[PDB]
Amino acid sequence: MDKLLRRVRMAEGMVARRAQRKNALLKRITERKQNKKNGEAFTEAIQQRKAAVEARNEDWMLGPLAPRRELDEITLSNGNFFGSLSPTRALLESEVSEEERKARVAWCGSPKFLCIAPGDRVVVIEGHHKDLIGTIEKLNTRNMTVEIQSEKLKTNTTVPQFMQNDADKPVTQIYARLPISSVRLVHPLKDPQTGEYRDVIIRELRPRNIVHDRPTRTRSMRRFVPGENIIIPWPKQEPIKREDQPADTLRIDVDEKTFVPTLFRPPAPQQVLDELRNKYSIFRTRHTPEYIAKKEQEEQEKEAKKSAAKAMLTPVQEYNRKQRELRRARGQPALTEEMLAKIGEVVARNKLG
Amino acid sequence: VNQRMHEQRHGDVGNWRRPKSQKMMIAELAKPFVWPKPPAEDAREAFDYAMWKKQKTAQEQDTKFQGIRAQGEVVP
Amino acid sequence: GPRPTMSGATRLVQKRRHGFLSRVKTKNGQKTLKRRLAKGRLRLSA
Amino acid sequence: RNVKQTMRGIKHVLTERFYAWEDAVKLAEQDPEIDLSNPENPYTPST
Amino acid sequence: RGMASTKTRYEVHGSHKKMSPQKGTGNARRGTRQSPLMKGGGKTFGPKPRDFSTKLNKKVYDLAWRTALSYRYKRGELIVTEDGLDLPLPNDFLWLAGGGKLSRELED
Amino acid sequence: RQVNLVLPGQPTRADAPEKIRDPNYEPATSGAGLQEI
Amino acid sequence: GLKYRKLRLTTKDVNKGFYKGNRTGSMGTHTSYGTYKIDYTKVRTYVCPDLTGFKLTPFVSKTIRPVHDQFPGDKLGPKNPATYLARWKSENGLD
RNA sequence: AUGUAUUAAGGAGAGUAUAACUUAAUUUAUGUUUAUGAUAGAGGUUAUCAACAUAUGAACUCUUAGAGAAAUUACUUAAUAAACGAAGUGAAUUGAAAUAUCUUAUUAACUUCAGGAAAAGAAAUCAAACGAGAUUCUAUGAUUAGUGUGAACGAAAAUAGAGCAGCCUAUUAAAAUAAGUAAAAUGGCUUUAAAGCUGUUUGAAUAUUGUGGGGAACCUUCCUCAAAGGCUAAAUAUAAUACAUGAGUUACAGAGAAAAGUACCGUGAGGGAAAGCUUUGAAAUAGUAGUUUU
Ligand SMILES: [K+]
Ligand SMILES: [K+]
Ligand SMILES: [K+]
Ligand SMILES: [K+]
Ligand SMILES: [K+]
Ligand SMILES: [Mg+2]
Ligand SMILES: [Mg+2]
Ligand SMILES: [Mg+2]
Ligand SMILES: [Mg+2]
Ligand SMILES: [Mg+2]
Ligand SMILES: [Mg+2]
Ligand SMILES: [Mg+2]
Ligand SMILES: [Mg+2]
Ligand SMILES: [Mg+2]
Ligand SMILES: [Mg+2]
Ligand SMILES: [Mg+2]
Ligand SMILES: [Mg+2]
Ligand SMILES: [Mg+2]
Ligand SMILES: [Mg+2]
Ligand SMILES: [Mg+2]
Ligand SMILES: [Mg+2]
Ligand SMILES: [Mg+2]
Ligand SMILES: [Mg+2]
Ligand SMILES: [Mg+2]
Ligand SMILES: [Mg+2]
Ligand SMILES: [Mg+2]
């Protein structure tokens with residue numbers, strides 16, 4: 001029925017309008033909680049920048065009386081030792097906004113078409129350890145941070161005591177991670193003039209020859225250097241090792257085909273259909289003929305109730321209506337070409353002469 | 001039926017609601033069934049109990065301090 | 001001054017006076033509901 | 001979560017078969033190669 | 001644009017009940033909560049959406065147009081040319097840009 | 001027709017670092033002095 | 001009474017004839033002297049099949065990659081009543 | 001805030017992969033283009049490394065069968081807020097420097113009825129001796145004509161703009177052209193005394209071959225229209241959504257609400273918050289240090 005569809009369409013809109021008001025309110029609460037969690041990483045960096053503004057003025061003034069700040073107690077504001085970062089600030093695990101991930105990856109594709117992979121050497125272009133070269137070990141695609149296992153990027157970090165034994169030293173040196181924007185790709189190219197291979201820094205990458213596979217939900221693309229069109233091969237990545245566990249079904253059983261369609265008996269007991277869907281849901285679109293027949297007779301019982309006063313009409317009321325039907329069948333007369341030609345003469349005679 | 005504490009939609013903010021109560025049933029078996037005894041704390045290494053304990057004590061001490069602050073007090 | 005006018009109060013009289021069914025089922029109670037509903041109230045009654 | 005995805009898939013294929021069979025019956029009523037009246041031999045391969 | 005707007009004490013949300021009794025509390029007698037003297041009260045003479053445009057005689061507006069056109073004429077800053085005043089961009093670039101060989105980044 | 005503007009040529013495949021067998025080649029340890037492209 | 005009075009009333013709060021169920025279903029009818037007669041036509045049973053020898057488990061090995069179905073060129077690929085009736089003829093003609 | 005476009009029933013309870021929303025709470029397929037896009041790898045939870053378009057599975061309880069202390073009982077393929085619109089009833093604060101007529105005011109409010117709009121509508125209309133040609137919305141006409149002791153109240157013709165549409169054979173099915181009607185007396189309403197609405201008592205005529213209405217007391221000539229039967233989109237009202245613009249706000253501002261009709265207060269109707277960020281750190285206030293006085 002056409003009136004039963006409006007009922008469903010109206011229900012689908014009422015629920016989607018309520019899911020948006022709830023989702024919006026949750027997007028604002030989750031955002032307000034992360035911003036307050038990231039702010040603790042911004043505060044530690046702000047407190048250490050000012051601590052360095054005062055530590056340098058004392059080394060200048062005191063001279064031979066310079067304190068031994070490495071033997072001091074922790075800072076109760078953040079709980080860090082001297083000259084040590086915090087795990088949240090040394091691993092760069094603080095979530096970043098979506099407009100940041102696109103900025104960090106702006107130089108190498110996009111957050112969903114990233115053109116750098118683990119296993120390819122990069123060069124640092126920011127921070128204290130500029131112009132350093134190392135190989136990418138990990139690639140955190142959530143914060144768009146990269147780990148380079150170089151001994152120069154190590155940094156003291158304070159280990160929280162809830163994950164540390166009582167004999168373990170409180171501070172340890174871990175490999176610090178960098179954002180994707182702070183590193184560029186290094187790949188050896190061939191000198192077209194002399195044919196000698198030398199290393200160069202790739203300033204920009206973009207995806208090429210993208211092709212998706214819908215059945216498998218996979219894709220395969222190529223990365224090239226814009227301006228010069230140098231297709232750079234991907235680095236050797238080892239696929240994850242997939243194994244067969246004892247709890248998993250054997251390959252011979254998962255492939256067995258046992259379904260045989262039927263036409264005179266349902267695929268399953270007819271009672272099961274009441275469990276798969278709700279018989280009385282306002283979102284039901286597949287109705288039975290007996291139901292639609294009962295729904296269409298609600299209007300048929302109104303057109304017969306609106307026109308129920310046609311049995312109380314007087315003879316003159318019935319005569320008028322009966323004539324009206326006959327007249328509407330005559331139609332409108334038409335003007336023949338002969339009549340049109342005679343009208344054109346009148347127009348031309350009264351306009352031009 | 002076991003009732004659940006009334007709470008606020010967002011922990012410390014929101015309207016006051018009440019979660020769905022819990023139903024427990026005790027069946028009188030015709031054949032006895034006896035549970036095994038829990039493993040000794042020193043024999044729970046398969047579940048990483050050592051690390052789990054350190055983390056549990058940390059949260060226990062942060063929940064206790066946040067209760068000392070709820071009384072309007074601080075640790076000298 | 002104010003008096004302890006809610007001492008000995010029962011929650012059965014609270015549902016019979018300011019309950020939801022006391023309002024949907026009366027012409028004057030349907031107005032209170034729509035007003036609180038149009039204002040945004042979560043607690044339309046009781 | 002993985003056990004709940006198999007339980008959801010079972011309910012999707014069963015709902016798909018009920019509706020597919022409920023339509024094949026209608027589509028099989030207007031077919032000249034199927035005689036739903038007699039169940040003993042309701043199909044005859046067309047020549 | 002002139003669309004700035006502000007709420008007066010007659011537009012601010014809330015009830016128009018009297019805040020504190022006329023006398024008895026000892027504090028300054030207060031009326032409604034939307035008074036400018038209250039925290040969230042309305043701005044009395046605040047901005048409102050209105051029309052800022054003024055009028056200028058067509059003759060005075062035309063004299064000002066030919067006076068700015070003569071101020072440039074006497075200083076030599078009015079350089080009239082022939083019709084078809086377009087930048088004579090090279091033909092090669094126009095042939096490549098129209099063809100579509102050149103990307104936007106290079107075309108711009 | 002030939003033009004006076006040089007446009008990027010057709011793409012070329014750069015040899016992977018493992019496949020390079022040139023004896024007179026050594027990876028760069030420091031990024032200073034390397035050409036940026 | 002200030003605040004608890006405003007929460008939703010439950011059966012664990014009042015006792016003066018206030019009853020409220022948990023939607024457990026009607027399993028019978030009430031008698032005139034306060035008893036209950038269980039109508040076993042309304043009582044529900046659970047049909048659990050024999051699981052001895054069943055080889056399928058709720059997991060599939062991760063070696064076998066997840067693949068969907070193509071149904072090329074057929075908008076209503078998996079729901080096409082024609083590919084369900086035509087497929088029926090070849091495989092099972094009798095039933 | 002305004003404008004444009006589109007749309008025409010809203011809320012709550014509980015549960016759930018805490019960007020993902022309904023006990024299936026991250027369903028399943030199509031087509032196209034994929035860096036010359038659009039605006040020759042790794043990766044199924046170490047996931048959703050793909051957008052657009054079109055389909056598609058599922059979508060609980062209450063409001064909302066009956067009863068009841070809404071979210072329960074008991075049954076079942078039971079189901080529609082507010083504002084806006086028309087009619088009925090109809091104040092008071094206020095002004096007149098008091099106050100009765102008057103003004104506030106065909107107002108607020110309530111009541112019924114109806115729709116995405118409603119109402120109104122193709123002249124028993126206005127004009128003035130020339131003519132205009134339905135209704136609705138905006139401005140001018142107009143602190144005007146006029147009314148009223150006064151205070152104040154207040155048209156129409158016409159003009160311009162937005163829209164434009166005419167008909168009864170109504171593009172949805174209606175008239176055999178309208179009688180207890182027009183009108184009169186009387187009591188009220190509206191109002192300028194006309195026209196219009198109305199309770200009570202009474203009560204006409206039949207077309208320009210000059211019958212009937214109107215043209216602001218009233219009569220007459222002339223002009224003009226044709227009541228007592230009907231249909232009709234648009235421009236207009238409100239709400240929601242999206243977008244555009246800004247000598248709009250930038251956190252005691254903007255809105256009541258940057259997590260809000262929430263916390264909280266009230267038996268209840270009802271009243272109704274505070275709270276941004278990692279930046280800067282004023283004044284008051286407090287404890288000390290240096291110089292100085294006591
Ligand atoms: K007077
Ligand atoms: K006057
Ligand atoms: K009159
Ligand atoms: K505010
Ligand atoms: K200060
Ligand atoms: Mg691949
Ligand atoms: Mg279900
Ligand atoms: Mg459905
Ligand atoms: Mg008293
Ligand atoms: Mg008492
Ligand atoms: Mg008042
Ligand atoms: Mg304000
Ligand atoms: Mg000016
Ligand atoms: Mg109790
Ligand atoms: Mg008790
Ligand atoms: Mg009872
Ligand atoms: Mg009911
Ligand atoms: Mg019900
Ligand atoms: Mg006017
Ligand atoms: Mg007539
Ligand atoms: Mg009359
Ligand atoms: Mg007269
Ligand atoms: Mg008359
Ligand atoms: Mg007529
Ligand atoms: Mg301003
Ligand atoms: Mg301020």
# chains A, B, ... in the order shown; residues from 1 in each chain; ligands from 1
call {"tool": "closest_atom_pairs", "arguments": {"of": "chain E", "to": "ligand 11", "cutoff": "10 Å", "atoms": "only C-alpha atoms and all ligand atoms", "output": "CSV"}}
result
residue,atom,partner,partner_atom_place_in_ligand_line,distance
E:15,CA,ligand 11,1 (Mg),8.5
E:16,CA,ligand 11,1 (Mg),5.8
E:17,CA,ligand 11,1 (Mg),5.6
E:18,CA,ligand 11,1 (Mg),7.7
E:32,CA,ligand 11,1 (Mg),9.1
call {"tool": "write_last_selection", "arguments": {"atoms": "N, CA, C and O atoms", "output": "PDB file, in the first residue's frame"}}
result
ATOM      1  N   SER E  15      11.177  34.465  33.328  1.00  0.00           N
ATOM      2  CA  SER E  15       9.893  34.925  33.828  1.00  0.00           C
ATOM      3  C   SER E  15      10.004  36.348  34.355  1.00  0.00           C
ATOM      4  O   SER E  15      11.065  36.785  34.807  1.00  0.00           O
ATOM      5  N   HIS E  16       8.889  37.074  34.283  1.00  0.00           N
ATOM      6  CA  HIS E  16       8.825  38.465  34.707  1.00  0.00           C
ATOM      7  C   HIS E  16       8.324  38.603  36.139  1.00  0.00           C
ATOM      8  O   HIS E  16       7.694  39.606  36.486  1.00  0.00           O
ATOM      9  N   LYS E  17       8.589  37.603  36.974  1.00  0.00           N
ATOM     10  CA  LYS E  17       8.269  37.686  38.387  1.00  0.00           C
ATOM     11  C   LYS E  17       9.230  38.643  39.082  1.00  0.00           C
ATOM     12  O   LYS E  17      10.336  38.911  38.607  1.00  0.00           O
ATOM     13  N   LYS E  18       8.793  39.164  40.223  1.00  0.00           N
ATOM     14  CA  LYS E  18       9.643  40.023  41.030  1.00  0.00           C
ATOM     15  C   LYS E  18      10.645  39.182  41.811  1.00  0.00           C
ATOM     16  O   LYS E  18      10.294  38.152  42.393  1.00  0.00           O
ATOM     17  N   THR E  32      12.179  42.516  37.877  1.00  0.00           N
ATOM     18  CA  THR E  32      12.399  41.331  37.066  1.00  0.00           C
ATOM     19  C   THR E  32      13.894  41.043  36.938  1.00  0.00           C
ATOM     20  O   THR E  32      14.751  41.864  37.271  1.00  0.00           O
TER      21      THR E  32
END
call {"tool": "closest_atom_pairs", "arguments": {"of": "chain A", "to": "chain D", "cutoff": "9 Å", "atoms": "only C-alpha atoms", "output": "JSON lines"}}
result
{"residue": "A:261", "atom": "CA", "partner": "D:21", "partner_atom": "CA", "distance": 8.3}
{"residue": "A:262", "atom": "CA", "partner": "D:21", "partner_atom": "CA", "distance": 7.7}
{"residue": "A:263", "atom": "CA", "partner": "D:25", "partner_atom": "CA", "distance": 6.5}
{"residue": "A:264", "atom": "CA", "partner": "D:39", "partner_atom": "CA", "distance": 7.9}
{"residue": "A:266", "atom": "CA", "partner": "D:18", "partner_atom": "CA", "distance": 6.9}
{"residue": "A:267", "atom": "CA", "partner": "D:18", "partner_atom": "CA", "distance": 6.4}
{"residue": "A:268", "atom": "CA", "partner": "D:14", "partner_atom": "CA", "distance": 7.8}
{"residue": "A:270", "atom": "CA", "partner": "D:18", "partner_atom": "CA", "distance": 8.7}
{"residue": "A:272", "atom": "CA", "partner": "D:14", "partner_atom": "CA", "distance": 8.8}
{"residue": "A:273", "atom": "CA", "partner": "D:15", "partner_atom": "CA", "distance": 7.2}
{"residue": "A:275", "atom": "CA", "partner": "D:11", "partner_atom": "CA", "distance": 8.9}
{"residue": "A:276", "atom": "CA", "partner": "D:11", "partner_atom": "CA", "distance": 6.1}
{"residue": "A:277", "atom": "CA", "partner": "D:15", "partner_atom": "CA", "distance": 7.9}
{"residue": "A:286", "atom": "CA", "partner": "D:19", "partner_atom": "CA", "distance": 8.6}
call {"tool": "write_last_selection", "arguments": {"atoms": "N, CA, C and O atoms", "output": "PDB file, in the first residue's frame"}}
result
ATOM      1  N   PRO A 261      17.713 -25.445  -2.056  1.00  0.00           N
ATOM      2  CA  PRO A 261      16.480 -24.649  -2.054  1.00  0.00           C
ATOM      3  C   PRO A 261      15.234 -25.519  -2.111  1.00  0.00           C
ATOM      4  O   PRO A 261      15.246 -26.633  -2.640  1.00  0.00           O
ATOM      5  N   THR A 262      14.149 -24.991  -1.550  1.00  0.00           N
ATOM      6  CA  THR A 262      12.852 -25.650  -1.550  1.00  0.00           C
ATOM      7  C   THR A 262      11.799 -24.661  -2.027  1.00  0.00           C
ATOM      8  O   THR A 262      11.998 -23.444  -1.982  1.00  0.00           O
ATOM      9  N   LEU A 263      10.668 -25.196  -2.486  1.00  0.00           N
ATOM     10  CA  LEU A 263       9.612 -24.356  -3.038  1.00  0.00           C
ATOM     11  C   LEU A 263       8.267 -24.609  -2.368  1.00  0.00           C
ATOM     12  O   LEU A 263       7.434 -23.700  -2.286  1.00  0.00           O
ATOM     13  N   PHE A 264       8.038 -25.831  -1.887  1.00  0.00           N
ATOM     14  CA  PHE A 264       6.775 -26.163  -1.242  1.00  0.00           C
ATOM     15  C   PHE A 264       6.846 -26.124   0.277  1.00  0.00           C
ATOM     16  O   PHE A 264       5.796 -26.104   0.928  1.00  0.00           O
ATOM     17  N   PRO A 266       9.049 -24.029   3.575  1.00  0.00           N
ATOM     18  CA  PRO A 266       9.936 -22.883   3.797  1.00  0.00           C
ATOM     19  C   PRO A 266      11.364 -23.336   4.033  1.00  0.00           C
ATOM     20  O   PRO A 266      11.608 -24.511   4.344  1.00  0.00           O
ATOM     21  N   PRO A 267      12.341 -22.437   3.888  1.00  0.00           N
ATOM     22  CA  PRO A 267      13.733 -22.832   4.158  1.00  0.00           C
ATOM     23  C   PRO A 267      13.952 -23.273   5.591  1.00  0.00           C
ATOM     24  O   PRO A 267      14.831 -24.104   5.852  1.00  0.00           O
ATOM     25  N   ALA A 268      13.180 -22.735   6.528  1.00  0.00           N
ATOM     26  CA  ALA A 268      13.254 -23.108   7.932  1.00  0.00           C
ATOM     27  C   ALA A 268      11.835 -23.161   8.480  1.00  0.00           C
ATOM     28  O   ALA A 268      10.894 -22.762   7.782  1.00  0.00           O
ATOM     29  N   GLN A 270       8.421 -22.160   9.766  1.00  0.00           N
ATOM     30  CA  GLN A 270       7.771 -20.866   9.602  1.00  0.00           C
ATOM     31  C   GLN A 270       7.750 -20.067  10.897  1.00  0.00           C
ATOM     32  O   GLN A 270       7.623 -18.839  10.854  1.00  0.00           O
ATOM     33  N   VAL A 272      10.247 -19.615  12.853  1.00  0.00           N
ATOM     34  CA  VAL A 272      11.523 -18.936  13.049  1.00  0.00           C
ATOM     35  C   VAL A 272      11.458 -17.502  12.544  1.00  0.00           C
ATOM     36  O   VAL A 272      12.155 -16.624  13.065  1.00  0.00           O
ATOM     37  N   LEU A 273      10.628 -17.232  11.534  1.00  0.00           N
ATOM     38  CA  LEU A 273      10.592 -15.892  10.960  1.00  0.00           C
ATOM     39  C   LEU A 273      10.136 -14.859  11.981  1.00  0.00           C
ATOM     40  O   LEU A 273      10.481 -13.679  11.862  1.00  0.00           O
ATOM     41  N   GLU A 275      11.171 -14.723  14.976  1.00  0.00           N
ATOM     42  CA  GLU A 275      12.351 -14.384  15.760  1.00  0.00           C
ATOM     43  C   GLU A 275      13.340 -13.537  14.977  1.00  0.00           C
ATOM     44  O   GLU A 275      14.048 -12.715  15.569  1.00  0.00           O
ATOM     45  N   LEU A 276      13.407 -13.723  13.658  1.00  0.00           N
ATOM     46  CA  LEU A 276      14.343 -12.954  12.846  1.00  0.00           C
ATOM     47  C   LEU A 276      13.936 -11.489  12.778  1.00  0.00           C
ATOM     48  O   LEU A 276      14.787 -10.597  12.874  1.00  0.00           O
ATOM     49  N   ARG A 277      12.644 -11.220  12.611  1.00  0.00           N
ATOM     50  CA  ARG A 277      12.117  -9.866  12.581  1.00  0.00           C
ATOM     51  C   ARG A 277      10.902  -9.785  13.492  1.00  0.00           C
ATOM     52  O   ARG A 277      10.322 -10.801  13.880  1.00  0.00           O
ATOM     53  N   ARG A 286       7.124  -5.890   4.385  1.00  0.00           N
ATOM     54  CA  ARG A 286       6.596  -7.069   3.704  1.00  0.00           C
ATOM     55  C   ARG A 286       5.346  -7.526   4.447  1.00  0.00           C
ATOM     56  O   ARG A 286       5.432  -8.235   5.453  1.00  0.00           O
TER      57      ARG A 286
END
call {"tool": "atom_distance", "arguments": {"atom1": "atom CA of residue 15 of chain C", "atom2": "atom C1' of residue 60 of chain H"}}
result
26.5 Å
call {"tool": "residues_near_ligand", "arguments": {"ligand": "ligand 18", "cutoff": "9 Å", "atoms": "only C-alpha atoms (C1' of nucleotides) and all ligand atoms", "output": "list in words"}}
result
residues 62, 64, 65, 74, 75 and 78 of chain H
call {"tool": "write_last_selection", "arguments": {"atoms": "N, CA, C and O atoms (P, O5', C5', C4', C3', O3' and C1' of nucleotides)", "output": "PDB file, in the first residue's frame"}}
result
ATOM      1  P     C H  62       4.588  -0.645  24.918  1.00  0.00           P
ATOM      2  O5'   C H  62       4.664   0.800  25.581  1.00  0.00           O
ATOM      3  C5'   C H  62       4.558   0.960  26.987  1.00  0.00           C
ATOM      4  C4'   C H  62       4.745   2.397  27.402  1.00  0.00           C
ATOM      5  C3'   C H  62       3.852   3.420  26.719  1.00  0.00           C
ATOM      6  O3'   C H  62       2.553   3.489  27.276  1.00  0.00           O
ATOM      7  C1'   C H  62       6.077   4.197  26.709  1.00  0.00           C
ATOM      8  P     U H  64      -1.727   8.273  25.349  1.00  0.00           P
ATOM      9  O5'   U H  64      -1.514   7.060  24.342  1.00  0.00           O
ATOM     10  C5'   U H  64      -2.640   6.353  23.835  1.00  0.00           C
ATOM     11  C4'   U H  64      -2.247   5.227  22.911  1.00  0.00           C
ATOM     12  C3'   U H  64      -1.224   4.244  23.470  1.00  0.00           C
ATOM     13  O3'   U H  64      -1.528   2.924  23.019  1.00  0.00           O
ATOM     14  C1'   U H  64      -0.383   5.221  21.488  1.00  0.00           C
ATOM     15  P     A H  65      -2.297   1.895  23.985  1.00  0.00           P
ATOM     16  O5'   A H  65      -3.274   1.112  23.004  1.00  0.00           O
ATOM     17  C5'   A H  65      -4.203   1.815  22.191  1.00  0.00           C
ATOM     18  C4'   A H  65      -5.482   1.040  21.999  1.00  0.00           C
ATOM     19  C3'   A H  65      -6.375   0.904  23.221  1.00  0.00           C
ATOM     20  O3'   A H  65      -7.172   2.051  23.454  1.00  0.00           O
ATOM     21  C1'   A H  65      -6.146  -1.202  22.179  1.00  0.00           C
ATOM     22  P     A H  74       0.259 -10.496  32.151  1.00  0.00           P
ATOM     23  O5'   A H  74      -0.890 -10.187  31.092  1.00  0.00           O
ATOM     24  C5'   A H  74      -2.257 -10.171  31.476  1.00  0.00           C
ATOM     25  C4'   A H  74      -3.125  -9.572  30.397  1.00  0.00           C
ATOM     26  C3'   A H  74      -2.962 -10.167  29.005  1.00  0.00           C
ATOM     27  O3'   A H  74      -3.698 -11.364  28.818  1.00  0.00           O
ATOM     28  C1'   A H  74      -2.849  -7.819  28.858  1.00  0.00           C
ATOM     29  P     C H  75      -3.466 -12.251  27.498  1.00  0.00           P
ATOM     30  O5'   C H  75      -4.176 -11.413  26.345  1.00  0.00           O
ATOM     31  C5'   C H  75      -3.763 -11.525  24.991  1.00  0.00           C
ATOM     32  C4'   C H  75      -4.120 -10.287  24.209  1.00  0.00           C
ATOM     33  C3'   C H  75      -3.634 -10.235  22.769  1.00  0.00           C
ATOM     34  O3'   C H  75      -4.450 -10.968  21.873  1.00  0.00           O
ATOM     35  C1'   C H  75      -3.123  -8.198  23.830  1.00  0.00           C
ATOM     36  P     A H  78      -2.883  -3.565  12.931  1.00  0.00           P
ATOM     37  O5'   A H  78      -3.456  -2.853  14.235  1.00  0.00           O
ATOM     38  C5'   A H  78      -2.818  -1.702  14.778  1.00  0.00           C
ATOM     39  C4'   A H  78      -3.778  -0.860  15.581  1.00  0.00           C
ATOM     40  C3'   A H  78      -3.167   0.382  16.222  1.00  0.00           C
ATOM     41  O3'   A H  78      -4.141   1.423  16.279  1.00  0.00           O
ATOM     42  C1'   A H  78      -4.007  -1.040  17.910  1.00  0.00           C
TER      43        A H  78
END
call {"tool": "residues_around", "arguments": {"residues": "segment 54-66 of chain B", "least_positions_apart": "2", "cutoff": "10 Å", "atoms": "only C-alpha atoms (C1' of nucleotides)", "output": "tab-separated table (two decimals) with N, CA, C and O atoms, in the first residue's frame"}}
result
chain	number	residue	atom	x	y	z
A	160	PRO	N	55.87	5.10	35.27
A	160	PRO	CA	54.90	5.10	36.37
A	160	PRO	C	55.05	3.85	37.23
A	160	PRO	O	55.25	2.74	36.73
A	161	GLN	N	54.95	4.05	38.55
A	161	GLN	CA	55.27	2.99	39.49
A	161	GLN	C	54.23	1.87	39.53
A	161	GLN	O	54.48	0.85	40.17
A	162	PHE	N	53.09	2.03	38.86
A	162	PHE	CA	52.09	0.97	38.84
A	162	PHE	C	52.44	-0.15	37.87
A	162	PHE	O	51.76	-1.17	37.85
A	163	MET	N	53.49	0.03	37.06
A	163	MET	CA	53.94	-0.98	36.11
A	163	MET	C	55.45	-1.19	36.23
A	163	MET	O	56.13	-1.45	35.24
A	164	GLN	N	55.97	-1.06	37.45
A	164	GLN	CA	57.40	-1.15	37.68
A	164	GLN	C	57.65	-1.79	39.04
A	164	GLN	O	56.97	-1.47	40.02
A	165	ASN	N	58.63	-2.68	39.09
A	165	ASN	CA	58.97	-3.37	40.33
A	165	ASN	C	59.63	-2.39	41.29
A	165	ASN	O	59.83	-1.21	40.99
B	49	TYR	N	48.88	-11.98	36.99
B	49	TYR	CA	48.35	-11.43	38.24
B	49	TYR	C	49.32	-10.44	38.87
B	49	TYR	O	48.88	-9.48	39.51
B	50	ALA	N	50.62	-10.65	38.70
B	50	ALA	CA	51.61	-9.74	39.27
B	50	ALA	C	51.39	-8.32	38.77
B	50	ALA	O	51.19	-7.39	39.55
B	51	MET	N	51.42	-8.13	37.44
B	51	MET	CA	51.19	-6.81	36.88
B	51	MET	C	49.79	-6.30	37.22
B	51	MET	O	49.60	-5.11	37.49
B	52	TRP	N	48.80	-7.19	37.20
B	52	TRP	CA	47.43	-6.78	37.52
B	52	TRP	C	47.33	-6.27	38.95
B	52	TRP	O	46.58	-5.33	39.23
B	68	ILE	N	39.65	11.09	50.52
B	68	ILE	CA	40.16	12.00	51.54
B	68	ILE	C	39.91	13.45	51.13
B	68	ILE	O	39.67	14.31	51.98
B	69	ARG	N	39.95	13.74	49.83
B	69	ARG	CA	39.62	15.08	49.36
B	69	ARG	C	38.12	15.35	49.42
B	69	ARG	O	37.71	16.51	49.55
B	70	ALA	N	37.30	14.30	49.34
B	70	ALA	CA	35.86	14.49	49.44
B	70	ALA	C	35.42	14.83	50.86
B	70	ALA	O	34.30	15.33	51.05
B	71	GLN	N	36.26	14.58	51.86
B	71	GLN	CA	36.00	15.01	53.22
B	71	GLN	C	36.55	16.39	53.53
B	71	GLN	O	36.46	16.84	54.67
B	73	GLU	N	39.90	17.40	53.09
B	73	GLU	CA	41.15	17.18	53.81
B	73	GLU	C	42.25	16.83	52.82
B	73	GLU	O	41.98	16.49	51.66
B	74	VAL	N	43.49	16.91	53.29
B	74	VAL	CA	44.66	16.56	52.50
B	74	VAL	C	45.61	15.74	53.36
B	74	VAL	O	45.55	15.76	54.60
B	75	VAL	N	46.48	14.99	52.70
B	75	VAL	CA	47.49	14.18	53.36
B	75	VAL	C	48.64	15.08	53.80
B	75	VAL	O	49.25	15.74	52.95
call {"tool": "residues_near_ligand", "arguments": {"ligand": "ligand 10", "cutoff": "8 Å", "atoms": "only C-alpha atoms (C1' of nucleotides) and all ligand atoms", "output": "VMD selection string"}}
result
chain C and resid 6 to 9
call {"tool": "residues_around", "arguments": {"residues": "residue 24 of chain C", "least_positions_apart": "2", "cutoff": "12 Å", "atoms": "only C-alpha atoms (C1' of nucleotides)", "output": "list in words"}}
result
residues 18, 19, 20, 21, 22, 26, 27, 28, 29, 30, 31, 32, 33, 34, 44 and 45 of chain C; 63, 64 and 70 of chain H
call {"tool": "atom_distance", "arguments": {"atom1": "atom CA of residue 60 of chain E", "atom2": "atom CA of residue 77 of chain E"}}
result
23.3 Å
call {"tool": "residues_near_ligand", "arguments": {"ligand": "ligand 25", "cutoff": "9 Å", "atoms": "only C-alpha atoms (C1' of nucleotides) and all ligand atoms", "output": "list in words"}}
result
residues 4 and 47 of chain E; 247, 248 and 249 of chain H
call {"tool": "write_last_selection", "arguments": {"atoms": "C-alpha atoms (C1' of nucleotides)", "output": "PDB file, in the first residue's frame"}}
result
ATOM      1  CA  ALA E   4      23.924  43.356  14.525  1.00  0.00           C
ATOM      2  CA  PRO E  47      22.625  47.446  18.530  1.00  0.00           C
TER       3      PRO E  47
ATOM      4  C1'   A H 247      32.342  48.083  10.819  1.00  0.00           C
ATOM      5  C1'   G H 248      27.207  40.762  14.745  1.00  0.00           C
ATOM      6  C1'   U H 249      28.946  38.150  19.829  1.00  0.00           C
TER       7        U H 249
END
call {"tool": "residues_near_ligand", "arguments": {"ligand": "ligand 26", "cutoff": "10 Å", "atoms": "only C-alpha atoms (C1' of nucleotides) and all ligand atoms", "output": "number ranges by chain"}}
result
H: 250-253
